[PDB]
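A short write-up of the structure that comes next.
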Amino acid sequence: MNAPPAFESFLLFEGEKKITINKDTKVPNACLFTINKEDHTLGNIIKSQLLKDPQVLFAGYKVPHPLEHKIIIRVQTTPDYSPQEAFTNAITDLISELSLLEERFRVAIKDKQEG
Amino acid sequence: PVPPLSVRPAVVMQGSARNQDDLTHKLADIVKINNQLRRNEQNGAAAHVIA
Amino acid sequence: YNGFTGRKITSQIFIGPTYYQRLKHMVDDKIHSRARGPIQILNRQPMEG
RNA sequence: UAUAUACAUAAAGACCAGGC
């Protein structure tokens, strides 16, 4: 009777922003992103792309609680590199990876069939 | 003393009429016999039946 | 392998098919909440059950 | 046009079974 709807995990209702950016006062150049209606699929890709960036000192995510679906990503970069720039370059670098993987998987298919 | 209706509520049965608490029966058995004891002493004053 | 992060789990885990029973006891029938409801006749206190 | 349909009733007790 209290079971939440199945669709409630990936669907946003009125008023919920997808992303919420809040600066972090503990630290200089630290920012904390809040992603609604996402899980470890999306959060883990980005964290692991941020740690390749040598100008990123810290990156990590957590699901605060499993029953509510949101991600919280802290990022701390070096001075004169903004933590919002770090998080955008991460997303464009995956897109430039996954667009290279979808093209290389199509070539191996045609090679595989009758070849 | 006869405690009030609150202390011995009736039972309202939607099927048939009402039922009465234990006290209301236990108090009925006293008023019956107390009254039989009213008449004997007042009328015949029969000594051995009163006992 | 870990399900969330993909990495192996250091210690090896013991898996096998095992036979479980579901019990007459479910949470939907044990749940209860009370705010200013029915009240007993004699005591004017909340009902039982 | 105005005004109205406002809540109460399913008793109690007994034994039996189970839960922690």
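Listed here are the residues, each with its yes/no results for (1) away from every other protein chain (no Cβ under 13 Å); (2) touching a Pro at 6+ places or on another chain (Cβ under 6 Å); (3) closer than 30 Å to residue C:40 by Cα; (4) within 16 Å of RNA strand D (Cβ to nearest atom).
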residue	(1), (2), (3), (4)
B:14	yes, no, yes, yes
B:19	no, no, yes, yes
B:26	yes, no, yes, yes
B:31	yes, no, yes, no
B:35	yes, no, no, no
B:50	yes, no, no, no
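For residues in the stretch C:24-37 being more than 9 Å from RNA strand D (Cβ to nearest atom) and closer than 30 Å to residue B:4 by Cβ, which is farthest from the other protein chains (Cβ to nearest Cβ)?
First pass over the stretch C:24-37, keeping only residues more than 9 Å from RNA strand D (Cβ to nearest atom): C:26-29, C:31-36.
From the residues that got through so far, the ones that are closer than 30 Å to residue B:4 by Cβ too are C:34, C:36.
Details: C:34: 17, C:36: 21 Å.
Ranking the qualifying residues of the stretch C:24-37, first place goes to C:36.
Would you point out which residue out of A:3, A:30, A:86 is within 14 Å of another protein chain (Cβ to nearest Cβ) and over 20 Å from residue C:5 (Cβ atoms)?
Result: A:3 is the single residue among A:3, A:30, A:86 that is within 14 Å of another protein chain (Cβ to nearest Cβ) and over 20 Å from residue C:5 (Cβ atoms).
Checking the condition surrounded by fewer than 10 Cβ atoms within 10 Å (Cβ to Cβ), free of Cβ contacts under 8 Å to residues at least 60 places away in the same chain and either within 14 Å of RNA strand D (Cβ to nearest atom) or among the basic types (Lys, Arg) (or both), which residue from C:21, C:40, C:12 passes? Spell out how you get there, then give the answer.
Values: C:40 fails: surrounded by fewer than 10 Cβ atoms within 10 Å (Cβ to Cβ); C:12 fails: either within 14 Å of RNA strand D (Cβ to nearest atom) or among the basic types (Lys, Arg) (or both).
Residue meeting the stated conditions: C:21.
Cβ-Cβ under 7 Å, sequence separation 6+ or interchain: first residue in the stretch A:1-28 and closer than 25 Å to residue A:81 by Cα and in contact (Cβ under 8 Å) with a residue 60 or more places away in the chain, partner assigned to a strand (DSSP E or B) and of a type in the set (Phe, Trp, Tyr). Which pairs?
Sorted first by the residue in the stretch A:1-28, then by its partner, the pairs are A:21/A:33.
Mind listing whichever residues of the stretch C:6-49 are farther than 30 Å from residue B:20 by Cβ and either among the β-branched types (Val, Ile, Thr) or touching a strand residue (DSSP E or B) at 6+ places or on another chain (Cβ under 7 Å) (or both)?
Correct list: C:9, C:10, C:13, C:15, C:18, C:27, C:31, C:34.
What do you reckon, is residue C:4 away from RNA strand D (no atom under 16 Å from the Cβ), within 26 Å of the chain's Cα centre (by Cα) and surrounded by 10 or more Cβ atoms within 10 Å (Cβ to Cβ)? So that I can check it myself, show each step before the final result.
Values: away from RNA strand D (no atom under 16 Å from the Cβ): yes; within 26 Å of the chain's Cα centre (by Cα): yes; surrounded by 10 or more Cβ atoms within 10 Å (Cβ to Cβ): yes.
Taking the combined requirement at face value, the residue satisfies it.
Answer yes or no: is there a residue in the stretch A:70-90 that is over 21 Å from residue A:11 (Cα atoms), in contact (Cβ under 8 Å) with a residue 12 or more places away in the chain, buried (at least 16 other Cβ atoms within 10 Å of the Cβ) and in contact with a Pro (Cβ under 6 Å, 6 or more places away or on another chain).
Looking through the stretch A:70-90, at least one residue is over 21 Å from residue A:11 (Cα atoms), in contact (Cβ under 8 Å) with a residue 12 or more places away in the chain, buried (at least 16 other Cβ atoms within 10 Å of the Cβ) and in contact with a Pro (Cβ under 6 Å, 6 or more places away or on another chain).
Give the residue, chosen from C:15, C:41, that is of a type in the set (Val, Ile, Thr), part of a loop (DSSP other than H, G, I, E, B), more than 14 Å from chain A (Cβ to nearest Cβ) and over 30 Å from residue A:42 (Cβ atoms). So that I can check it myself, show each step before the final result.
Numbers: C:15 fails: over 30 Å from residue A:42 (Cβ atoms).
C:41 is the lone residue from the list that is of a type in the set (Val, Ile, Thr), part of a loop (DSSP other than H, G, I, E, B), more than 14 Å from chain A (Cβ to nearest Cβ) and over 30 Å from residue A:42 (Cβ atoms).
Looking at the structure I just gave you, is residue B:9 within 14 Å of another protein chain (Cβ to nearest Cβ), under 17 Å from the mean Cα position of the chain (by Cα) and away from RNA strand D (no atom under 16 Å from the Cβ)? Spell out how you get there, then give the answer.
Numbers: within 14 Å of another protein chain (Cβ to nearest Cβ): yes; under 17 Å from the mean Cα position of the chain (by Cα): yes; away from RNA strand D (no atom under 16 Å from the Cβ): no.
Here the answer is no, as residue B:9 does not meet what is asked.
Got at least one residue in the stretch A:93-104 being more than 30 Å from residue A:7 (Cβ to Cβ), in contact (Cβ under 8 Å) with a residue 24 or more places away in the chain and not in a loop (DSSP other than H, G, I, E, B)?
yes
Right, residue A:45: within 14 Å of chain C (Cβ to nearest Cβ), in contact (Cβ under 8 Å) with a residue 24 or more places away in the chain and under 17 Å from residue A:94 (Cβ atoms) or not? First the steps, then the outcome.
Values: within 14 Å of chain C (Cβ to nearest Cβ): yes; in contact (Cβ under 8 Å) with a residue 24 or more places away in the chain: yes; under 17 Å from residue A:94 (Cβ atoms): yes.
The answer is yes for residue A:45.
With ideal geometry, Cβ positions are generated from the backbone for all residues, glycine too; neighbour counts draw on all protein chains shown. Each reported figure results from applying straightforward, stated rules to the coordinates on display, with no laboratory input.
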